[PDB]
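To start, the structure under review is shown below, and the notes come after it.
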Amino acid sequence: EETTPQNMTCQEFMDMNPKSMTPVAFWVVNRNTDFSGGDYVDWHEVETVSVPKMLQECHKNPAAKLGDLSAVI
Amino acid sequence: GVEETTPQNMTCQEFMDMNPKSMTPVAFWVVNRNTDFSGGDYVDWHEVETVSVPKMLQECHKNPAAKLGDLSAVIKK
(Lines give C-alpha, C1' and ligand atoms only; values in the text may rest on other atoms or scores of the structure.)
Protein backbone atom coordinates (compact mmCIF):
# COMPACT_ATOMS: atom_id res chain seq x y z
CA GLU A 1 0.00 0.00 0.00
CA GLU A 2 2.24 2.83 1.31
CA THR A 3 5.36 3.18 -0.85
CA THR A 4 7.01 5.98 1.17
CA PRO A 5 8.72 5.68 4.59
CA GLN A 6 6.45 8.06 6.54
CA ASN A 7 5.38 5.19 8.83
CA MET A 8 8.62 3.16 8.68
CA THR A 9 10.16 2.82 12.14
CA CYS A 10 13.75 3.59 13.11
CA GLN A 11 14.21 -0.11 13.87
CA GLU A 12 13.14 -0.94 10.31
CA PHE A 13 15.58 1.62 8.90
CA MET A 14 18.47 0.13 10.91
CA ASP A 15 17.56 -3.38 9.83
CA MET A 16 17.03 -2.64 6.09
CA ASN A 17 19.23 -3.59 3.18
CA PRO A 18 21.96 -0.94 3.40
CA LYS A 19 21.54 -0.35 -0.35
CA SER A 20 18.25 1.48 0.39
CA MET A 21 19.65 3.69 3.24
CA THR A 22 20.84 6.63 1.17
CA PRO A 23 17.58 6.78 -0.83
CA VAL A 24 15.42 6.57 2.31
CA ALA A 25 17.53 9.20 4.08
CA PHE A 26 17.27 11.45 1.03
CA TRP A 27 13.47 11.24 1.30
CA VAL A 28 13.54 12.06 5.03
CA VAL A 29 15.56 15.23 4.42
CA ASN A 30 14.32 16.31 0.96
CA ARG A 31 10.65 15.14 0.77
CA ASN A 32 9.40 18.71 0.94
CA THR A 33 11.93 20.63 -1.24
CA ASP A 34 11.80 21.82 -4.88
CA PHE A 35 15.61 21.38 -5.23
CA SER A 36 15.81 24.93 -6.50
CA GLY A 37 18.73 27.25 -5.84
CA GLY A 38 20.74 24.54 -4.08
CA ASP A 39 18.25 24.40 -1.16
CA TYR A 40 18.46 20.65 -0.61
CA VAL A 41 20.80 18.06 0.81
CA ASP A 42 22.68 16.57 -2.17
CA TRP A 43 23.36 12.84 -2.63
CA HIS A 44 26.92 13.14 -1.28
CA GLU A 45 25.76 14.98 1.85
CA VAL A 46 23.02 12.41 2.43
CA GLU A 47 25.48 9.50 2.02
CA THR A 48 28.24 10.99 4.19
CA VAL A 49 26.26 13.01 6.79
CA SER A 50 22.51 12.24 6.82
CA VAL A 51 22.78 8.46 6.82
CA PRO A 52 25.14 8.33 9.84
CA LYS A 53 23.02 10.97 11.61
CA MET A 54 19.88 8.91 11.02
CA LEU A 55 21.52 5.76 12.30
CA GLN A 56 22.58 7.72 15.42
CA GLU A 57 19.06 9.06 16.03
CA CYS A 58 17.46 5.68 15.28
CA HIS A 59 19.68 3.97 17.89
CA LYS A 60 18.26 6.41 20.49
CA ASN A 61 14.59 5.76 19.61
CA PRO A 62 13.89 2.63 17.51
CA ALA A 63 10.11 3.16 17.82
CA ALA A 64 10.27 6.60 16.16
CA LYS A 65 8.66 6.94 12.71
CA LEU A 66 10.80 8.33 9.90
CA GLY A 67 8.02 10.71 8.87
CA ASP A 68 8.71 12.52 12.16
CA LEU A 69 12.52 12.78 11.69
CA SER A 70 12.91 15.46 9.00
CA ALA A 71 12.79 17.94 11.90
CA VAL A 72 15.33 16.25 14.20
CA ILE A 73 17.84 16.85 11.38
CA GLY B 1 32.46 2.75 -0.05
CA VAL B 2 29.32 4.89 -0.22
CA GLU B 3 28.12 2.80 -3.23
CA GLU B 4 27.12 0.07 -0.74
CA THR B 5 24.43 2.39 0.76
CA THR B 6 22.94 3.05 -2.68
CA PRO B 7 21.01 0.75 -5.01
CA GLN B 8 23.53 0.70 -7.90
CA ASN B 9 24.07 -3.05 -7.40
CA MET B 10 20.61 -3.85 -6.02
CA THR B 11 18.80 -6.36 -8.22
CA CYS B 12 15.27 -6.10 -9.51
CA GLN B 13 14.41 -9.14 -7.38
CA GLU B 14 15.62 -7.27 -4.30
CA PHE B 15 13.53 -4.22 -5.25
CA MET B 16 10.37 -6.37 -5.61
CA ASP B 17 11.02 -8.07 -2.29
CA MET B 18 11.72 -4.83 -0.35
CA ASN B 19 9.52 -3.15 2.21
CA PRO B 20 7.14 -1.24 -0.06
CA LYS B 21 7.76 1.84 2.09
CA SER B 22 11.30 2.13 0.56
CA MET B 23 10.11 1.86 -3.06
CA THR B 24 9.46 5.54 -3.76
CA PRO B 25 12.82 6.61 -2.30
CA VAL B 26 14.71 3.93 -4.26
CA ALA B 27 12.86 4.77 -7.47
CA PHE B 28 13.67 8.47 -6.95
CA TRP B 29 17.36 7.55 -6.85
CA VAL B 30 17.07 5.46 -10.06
CA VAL B 31 15.53 8.35 -12.00
CA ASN B 32 17.28 11.34 -10.31
CA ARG B 33 20.77 10.11 -9.23
CA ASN B 34 22.69 12.37 -11.65
CA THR B 35 20.09 14.95 -12.64
CA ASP B 36 20.15 18.75 -13.02
CA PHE B 37 18.13 19.62 -9.91
CA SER B 38 18.73 23.39 -10.42
CA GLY B 39 16.89 23.81 -13.73
CA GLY B 40 13.93 21.73 -12.52
CA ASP B 41 15.00 18.81 -14.69
CA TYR B 42 13.99 16.04 -12.36
CA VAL B 43 11.13 13.64 -11.70
CA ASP B 44 9.26 15.02 -8.69
CA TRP B 45 8.16 12.96 -5.69
CA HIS B 46 4.53 12.64 -6.83
CA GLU B 47 5.55 11.41 -10.27
CA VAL B 48 8.02 8.93 -8.80
CA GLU B 49 5.40 7.52 -6.42
CA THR B 50 2.55 7.33 -8.91
CA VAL B 51 4.37 6.56 -12.19
CA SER B 52 8.02 5.51 -11.67
CA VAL B 53 7.33 2.92 -8.97
CA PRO B 54 4.69 0.97 -11.00
CA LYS B 55 6.94 1.24 -14.06
CA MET B 56 9.88 -0.20 -12.10
CA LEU B 57 7.81 -3.06 -10.77
CA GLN B 58 6.75 -3.82 -14.35
CA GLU B 59 10.36 -3.81 -15.63
CA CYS B 60 11.64 -5.79 -12.64
CA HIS B 61 9.05 -8.55 -13.23
CA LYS B 62 10.47 -8.95 -16.77
CA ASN B 63 14.06 -9.27 -15.57
CA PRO B 64 14.69 -9.93 -11.86
CA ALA B 65 18.48 -10.20 -12.43
CA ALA B 66 18.77 -6.62 -13.75
CA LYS B 67 20.68 -4.12 -11.55
CA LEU B 68 18.92 -0.87 -10.64
CA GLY B 69 22.08 1.06 -11.51
CA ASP B 70 21.32 0.16 -15.14
CA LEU B 71 17.60 1.16 -15.12
CA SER B 72 17.73 4.99 -15.14
CA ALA B 73 17.03 5.41 -18.86
CA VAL B 74 14.14 2.93 -19.15
CA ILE B 75 12.32 4.29 -16.06
CA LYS B 76 12.84 7.92 -17.23
CA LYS B 77 11.74 7.25 -20.85
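Letters A, B, ... are given to chains in the order of the sequence lines, protein chains preceding strands, and every chain is numbered from 1.
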- Query: B:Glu4, B:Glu3, B:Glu14: which one forms the most heavy-atom pairs within less than 4.5 Å of chain A?
  - Reply: B:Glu4
- Item | For chain B, which residues of residues 52-73 of chain A have heavy atoms nearer than 4.5 angstrom | none
- Item | Between A:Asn7, A:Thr4, A:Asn30, the one whose heavy-atom pairs under 4.5 Å with chain B are most numerous | A:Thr4
- Note on the structure: Taking a cut-off of under 4.5 angstrom between non-hydrogen atoms, the residues of residues 35-53 of chain B near chain A are B:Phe37, B:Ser38, B:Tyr42, B:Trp45, B:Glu49
- Query: So which residues of residues 15-29 of chain B are in contact with chain A at a heavy-atom cut-off of under 4.5 Å?
  - Reply: B:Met18, B:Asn19, B:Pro20, B:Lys21, B:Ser22, B:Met23, B:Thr24, B:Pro25, B:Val26, B:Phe28, B:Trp29
- Message: Hydrophobic cluster membership, with links at side-chain heavy-atom distances under 4.5 Å among I/L/V/M/F/W/Y: are B:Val74 and B:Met10 in one?
- Response: yes
